[PDB]
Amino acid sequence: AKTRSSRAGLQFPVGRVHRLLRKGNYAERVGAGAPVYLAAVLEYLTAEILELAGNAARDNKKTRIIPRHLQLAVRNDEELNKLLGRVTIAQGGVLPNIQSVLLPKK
């Protein structure tokens, strides 16, 4: 026996993905590649965020990723921000940002 994930070179469960698709009433039937494709895509996106959130951890002199690191990762990247633009990350706070007219005069 050899997992469909390992066949597809993926850390993400092709099996589970396949199942979840059937028991989702998304359609009558489900081709064999769809879960592979789908699972890749999820893996991919997970990596991207984990990368940037790690980098965010690094910047703040940390090795354990927390919510704040996911928030800084997501809202400092134009594309992730847009994909997650109607999502709230619990315990993420906000990007430091102050409108310039609110700064004291030089």
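The numbering used is simple: start at 1 and walk along the sequence shown.
Chemist: Look up the CA B-factors in the entry and say which stretch, 27 to 35 or 68 to 76, has the higher mean.
Modeler: Comparing averages over the C-alpha atoms only gives 27 to 35.
Chemist: Between 53 to 61 and 38 to 46, point out the one with the higher average CA B-factor as the PDB entry records it.
Modeler: Taking the mean B-factor of the alpha carbons in each, 53 to 61 is higher.
Chemist: If you rank every modelled residue in this chain by C-alpha B factor, which third holds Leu21: lowest, middle or highest?
Modeler: According to the entry, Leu21 has a C-alpha B-factor in the chain's middle third.
Chemist: Quick check on the deposited entry: does the C-alpha B-factor of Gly9 sit in the lowest, middle or highest third of its chain?
Modeler: CA B-factor rank for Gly9: highest third.
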